[PDB]
Amino acid sequence: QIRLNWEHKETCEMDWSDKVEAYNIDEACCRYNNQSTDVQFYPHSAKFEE
Amino acid sequence: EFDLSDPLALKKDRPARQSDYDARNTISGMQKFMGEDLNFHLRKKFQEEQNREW
Amino acid sequence: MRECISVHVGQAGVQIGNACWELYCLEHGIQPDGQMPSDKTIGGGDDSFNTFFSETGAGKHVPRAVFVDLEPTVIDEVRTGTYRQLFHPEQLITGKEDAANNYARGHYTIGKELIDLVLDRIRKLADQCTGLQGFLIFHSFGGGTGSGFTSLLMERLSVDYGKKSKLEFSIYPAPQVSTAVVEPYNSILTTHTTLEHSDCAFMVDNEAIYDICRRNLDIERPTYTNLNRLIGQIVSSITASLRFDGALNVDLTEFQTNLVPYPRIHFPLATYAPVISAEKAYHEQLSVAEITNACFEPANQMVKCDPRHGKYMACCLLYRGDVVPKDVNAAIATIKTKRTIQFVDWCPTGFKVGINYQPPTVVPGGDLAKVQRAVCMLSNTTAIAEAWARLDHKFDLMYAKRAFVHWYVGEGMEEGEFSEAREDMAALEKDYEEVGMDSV
Amino acid sequence: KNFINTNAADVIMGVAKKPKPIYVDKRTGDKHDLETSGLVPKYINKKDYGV
Amino acid sequence: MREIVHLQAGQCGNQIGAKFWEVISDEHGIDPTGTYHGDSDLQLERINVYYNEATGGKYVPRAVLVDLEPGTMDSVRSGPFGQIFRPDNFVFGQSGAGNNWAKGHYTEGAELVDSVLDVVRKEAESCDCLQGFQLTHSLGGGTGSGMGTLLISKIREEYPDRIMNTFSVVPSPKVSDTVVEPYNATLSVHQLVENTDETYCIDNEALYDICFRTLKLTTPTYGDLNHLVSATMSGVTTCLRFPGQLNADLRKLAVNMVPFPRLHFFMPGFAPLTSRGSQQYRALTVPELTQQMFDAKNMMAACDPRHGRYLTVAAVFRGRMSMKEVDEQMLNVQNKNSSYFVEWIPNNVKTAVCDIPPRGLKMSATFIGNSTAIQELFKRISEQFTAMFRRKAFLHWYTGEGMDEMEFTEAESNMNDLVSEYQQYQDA
Amino acid sequence: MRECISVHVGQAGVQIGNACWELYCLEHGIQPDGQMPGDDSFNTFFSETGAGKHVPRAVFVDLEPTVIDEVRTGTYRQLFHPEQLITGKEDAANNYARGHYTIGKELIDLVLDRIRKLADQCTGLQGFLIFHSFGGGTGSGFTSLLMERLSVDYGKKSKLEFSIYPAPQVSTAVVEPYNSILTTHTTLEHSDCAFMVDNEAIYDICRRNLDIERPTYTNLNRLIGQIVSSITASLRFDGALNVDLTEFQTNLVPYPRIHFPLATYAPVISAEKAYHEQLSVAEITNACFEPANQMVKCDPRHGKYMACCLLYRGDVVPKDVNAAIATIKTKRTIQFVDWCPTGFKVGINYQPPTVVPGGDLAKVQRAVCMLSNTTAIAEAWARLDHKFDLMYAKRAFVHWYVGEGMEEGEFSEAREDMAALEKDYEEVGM
Amino acid sequence: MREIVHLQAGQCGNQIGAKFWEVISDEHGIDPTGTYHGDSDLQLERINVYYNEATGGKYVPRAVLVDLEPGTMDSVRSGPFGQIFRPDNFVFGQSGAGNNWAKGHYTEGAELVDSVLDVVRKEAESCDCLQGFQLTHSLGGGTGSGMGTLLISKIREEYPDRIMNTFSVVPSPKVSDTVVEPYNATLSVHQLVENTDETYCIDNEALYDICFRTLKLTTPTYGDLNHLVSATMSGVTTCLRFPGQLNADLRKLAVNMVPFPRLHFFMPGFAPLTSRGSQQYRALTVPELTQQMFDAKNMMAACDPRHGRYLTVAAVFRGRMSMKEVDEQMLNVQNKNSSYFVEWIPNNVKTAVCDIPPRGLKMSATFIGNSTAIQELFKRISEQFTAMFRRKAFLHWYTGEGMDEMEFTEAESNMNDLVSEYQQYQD
């Protein structure tokens, strides 16, 4: 039972780590507005919508 | 000096005489005496059996 | 700029301040541990929280509150709960022995020891404030700390601070049920000594909020959190003109000016209309006329006295959410036409309205609904003169045989303060008479 | 013996019991006495002062 | 930091105190060696009300154990929880009193007292803020009542601002264990009058009427009577050990139930007691505590308030329960039985709610009730004093330790005042 | 070129100087063995040699060896020169007479020689600091002997005092009052300024502000060292208003018999109550005038201020300083004397205070040390007089002082002189 | 540096000096042959206070062992630590004293006083700064009470400015060995007031009450009572042997305890004494030392301070501890009860804190308290001097050694004056 609990801890916690990285990306995307710099043109690629 | 304000010192404290036989029970530490009598009962029964055969 | 310093005193005051300050964390963005999660513009951001929260250099918002008690077992649940990182450690003042249902212990012996420690901490909170509006105080008349020390706190607020406004919220003792025996003697000797040292007083009884929760909400067998959560919906609605945008702002100075005519009559009675459950809110629209009329219902009052036996002396109306100021004007003209509701003759105008924009906040675990519109109302009534008549009745009753006065006399009180505190109220019981007759 | 009469007279013809004053120092509730501490003025009120 | 130094004196005192210290230690998770083996975090937060600390995470109680028989101490050390007490706190004499008062008040008990008054100041001064004491004794015997009224009398003169209680086991007429008990009971109740703050009355024939009828035990012993005495001993001191929604402690109860300082003789009770035949047939709801806690069969005295008037009522609840259903039943019993309450106090009932139930239980409730129906207890001792004293009965046993016959005379006029004080407050 | 020669007398002086010199060695970049792993800001305390070493400008003095032998074989044994730590052979034994006449005379001349050797190397010496304890025999008698011998050799030089005054309630000894009166009366005309501390007051500050229940003398010595560093900071670190050592006497001592100010250090808080609270200039200014943070257990609300000095360290701005001072000038709680219309001296320094590993206080950006001269210190000498009377009515302990060569009239003349001092404090405030 | 020359006389002095020197040598790490087998460095720093050096790293004590019979110091030469005492320090006479104060003071011990004075002058000027001396003797005997007071009187004529101490064992009306201990005690306690700086009081009936009511020993011996005497004999000189936060030698406790030069009769008591079965119920904390050290059930004299007024009180703590919790408990005792403390002293109690606890222990404390309850000790002895003396009880034994009856007559009017000296502060 001890090793089963540690396995479940690892699984839910990897899920938490992925959500942390996505949260930081969406904060940096929520920064931007018109006269903010560090925004630039990009080609229209299908990886954006995939 | 965290140990003086330690809230767990009385949890991790260990008595001056935990057992009868231990190393730190010398004569300057006055938790050990010689007049306390242990082996008094055996001396009494030894004397009484000697009295019988006598 | 629009700061107001909350003071909470008693186990009644501390447990109310938990549910008040839970709401204020979700009403703005602050977490339980004192951080906003992220700021979308870190150099920008909104500073609406400065009425209640004080921000340090890094990111941490600390409340402008002082929690006062004389018993340790009430605040130590706050001190090691969820919000143990939100409160600054020195704002939660305790004692070592409680005042033990005793006006004398709370005033003279036990409560005159913490008075010069709380007055230190109040000056530290009143010097952060650029634009301090006034203190708020939450207490209960039937305690030791809520009655003895709180009557002492108003008196050294008058000396030190002058005319600065000192508004109250109190738990007036309920007429039928009561969790004390010496609840009369406290309630007389605290009301008497804070007449000159108080500015306004909104009163609610626990028995009256029991009536609403079993009937208007669907929760049978409530708990004091279900009562605490409704009180936080009143204090927020009073102060939400200071934080959120309004079509008619109402400051905290305009309640005394518009509800307290005469210098010994400062006791309005609270009422909050649309508290209906989330299955019983699915069926009925909640327009501005549906929730204005419901404040005037004696079955939805938040005190156990009926205003149908008395004359309204002033009113105050605070609206939240999605209200048209034209449709506010339509309902007030309607409620004047009913002669079930009577106004005193010397007060022809008799109203003060305030329109806000932010709808009231849903808290997880609360029993109300998500609603666009709301009304909180504070009205001063002559039908409170029947409440002291059932408290003269129960002070003199133990005073005929002089029961329990041996507890009070040897605790620093001479016995001559009993035969003046009631005989002061005899004037006030006939002072409410002379504003209750017409001007012929 | 009238206990109901005398218990009223026991409290009125008397004096309140004045406390030994105390100041509470910290938020925990540490309570000291006021006269013995070096805070309140007591010892300049002596008759030996300044002579 | 609201400490309770628990005194107990006599064989009745010691073998009540040995059972009260079994229910507290299980309530706080103390195994018999002294250590702590609980699970929660409220079982360690406020444990210094009763327990001190030693080295190694050991907790020893604040108890003092007093007797004039040396053969009572070995009965204390024969139980399961006899090794948790510090062995200095036992105070044993060598020759007993043996059903007497002056033997225990002037001759032998007056020279055993001054070695205990070192032991109580040994402990009372090492509390951060002491709240008060307790005592548990029987007025029938000699050690508990001859000297236990002199233990009270010294410590009120030294510490007069603190609290003192007694769980006095006053004698019963039907269970008449010893002939010479009306002299011990009469002569000691006046020393209870001036000094004690609160006082209960726990008759042994009242405990037998519960175990025969309510619990339906075939063979009740004194181990099943100290269970009930100690289930209401810890139901009073429970909300200064565990947090609640509404709080009350030992001082607040004395404020509300004692309107004049000569009126402190209560009548305890305890709500959820159920036999095993009626065990599975019950519902664990709120008004099934208040129906039994207020039942006149359930009291721990051998007197009945259908004869007299409740001056006041206390009640302490334990369990996570609803404040509306707690408060509305208090109003429900005040309005209905409207002839059993005094007029000159109009809200006679005091209420507390404590969050933590006793271990093994879900809810519970405890009663303390002040009445003028406890003057019928004192007049039955007074009827069998002067039925026996007019013919000078056992007088040479007492007067030969240097009493006086006028000292006997003053000890019914000191008792005939309270039986005629409680009458004028019953006319009111 | 802006040197300070420190003199520590007594066990209090040695155990305070340990923490002070640890703070200095860590404030500059100096190892515990003299080396430095350039700038010359150390030059007010440490003197360079030809072997790369930086040896302090201090003199430790004791009459008893078992308190300096720990310095001689402690961590800092390679730093201190072997002839700057002077030890007697047998201590003064709580005796003003022993510490003044019979035992201090074998030890005064060697310390005068060492002070001549140190003062003939400072080109720009400002003045001496004396750290001592009233209660102890060496720290009273030998300190007063040293103050009597300093003035005839150096004259109008500045000499300052840090004094462990007797605490109001708890004292370690019985013969504290005779020592205290007989050192006050004989140093009263040979001293320029005498700041007071009280161990009971610093106990209360460590118990209440910090959370360190059961503190110790080292926990007290760290805060004393912080105060000393804030007083002498601007002679070493760059500032916007420098305050030289020759200005505290000028702006705190109106009369030559009244030179007794009291000290406060403002943000003495811990690492959990620094996370909750911002520590701006107004807060730390308003917390120096609080009678719960003073370093003598006495209340200035019962008296009148006569001069104030405020030393600011760190990230401070003159208008925030100005607004704080003009706020505290408007309380009716802070009442000044009739004849003090200006009141204040303000100094501003840039370098934020330095954190020692193992210490109690947290790392901060702003700090204040305030030295105020108040009339409310009269009750201290009133209790000291009363306890001198209580012992001296029945002629207690007098042979212990008379047998080592001092007359009995010194008790009478010292009580008369300090009675005149009480009338002085009474009459200058009206 | 600061040396202590130990002097002891009598069977009581030698059986205490055999047990005190065993305590010190375990404390400084000395095996029973002389060498050093310790583990710290602080044990070897101040070791010259008691031990002189020899060849090959051998430390021998600074003791002089005096007697009048030879049979007492053959059980000291043959005990556990008999090999470390330097054998020329033993001074013995061939015929004893025979429970006679006179024979040891004028006849037998007048021919041996000049034999010991060669030993002490030889070796007390081998030191570098001698702090003072120390005696340990019995007033109820014949050698220590008659000739030990003769050595005290001689060395205060040659070394006046130094310190003298006595751990005197005054007799006991309950535990009474001899018949003629009223004469030996009375004639010697007049020799103690003029020639000693400090003087403690020890009753064997008060050491029995510790071994029966505190340590619960079934068969206490004289080998356990000497352990408790030597508890308060190293704990007084413990801050000039080890460093500390607040040091105090022997002279600093003399300045703070005795107001007037004829009032120096203290009485000791030792803090952590604990029975074997009550061992795990204790906490080794600073409050629990200062509250059994002050217990009247603990004192090493048979007089109780609940009858008299504490003139002064000393306390010497050992072990690493906090100076706040030491200082708050002295104010805590002085203010609860202001009937047992004198008024013309505002703060009676003195504190000093060492660093090194007793070996194998965590904390310790000692009590050196001056009282006006010490006068009942003298008048329970002077009530049996003048009981015997009105009938000339045993007087022919004593007059034949060349005294007069005036020497018997002055020695109760000097004893009663001191009784009335300690009396005027009792009220």
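Each chain gets a letter, A, B, C, D, E, F and G, in the order it is written, and its residues are counted from 1.
The working rule: a contact is a pair of C-beta atoms (placed from the backbone, for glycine too) under 8 Å apart; a residue touches a chain by one contact, two chains touch by 3 or more.
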- Query: What is the shortest path, in steps, from chain B to chain C when you may only step between chains that touch?
  - Reply: 2
- Query: Taking each chain's centre as the mean of its Cα atoms, which chain lies farthest from chain E?
  - Reply: A
- So which chain ends up in the middle if you average the CA atoms? D
- Task: For chain A and chain D, let me know how many angstrom lie between their CA-based centres, rounded off.
- Result: 67
- Using the average of all C-alpha atoms in each chain as its centre, how far is it in Å between chain D and chain G? 47
- Task: Starting from the mean Cα coordinates of chain B and chain F, work out the distance between those two points in Å.
- Result: 51
- Task: Mark out which residues of chain G touch at least two other chains, giving numbers and ranges.
- Result: 280, 282-284, 322
- Got the chain C residues that touch at least 2 other chains? 72, 89-90, 96, 401, 406
- Message: Can you list every residue of chain B that touches 2 or more other chains, as numbers and ranges?
- Response: 4, 10, 13, 15
- Interchain contacts, given as pairs of chains that touch: A-C, B-E, B-F, B-G, C-D, C-E, C-F, D-E, D-F, E-G, F-G
- Message: Looking at the complex, which residues from chain F come into contact with chain D?
- Response: 168-169, 204, 207-208, 291-292, 296-299, 302, 378-380, 382-383, 385-386, 389, 419, 422-423, 426
- Message: So in the complex, the part of chain E that touches chain G is made up of which residues?
- Response: 53-56, 58, 60, 86-88, 118, 125-126
- How about chain F: which of its residues touch chain C in the complex? 272-273, 275-278, 282-283, 286, 290, 292, 327
- Message: Could you list, by residue number, the parts of chain G that touch chain B in their complex?
- Response: 22-24, 26-27, 211, 215, 217-221, 223-224, 227-228, 231, 234, 270, 272-274, 276, 279-280, 282-285, 321-322, 358-362
- Note on the structure: In the complex, the residues of chain F that touch chain G are 11, 15, 64-67, 69-70, 89-91, 93-95, 169-177, 203, 207, 214-217, 387, 390-391, 393-394, 396-397, 399-400
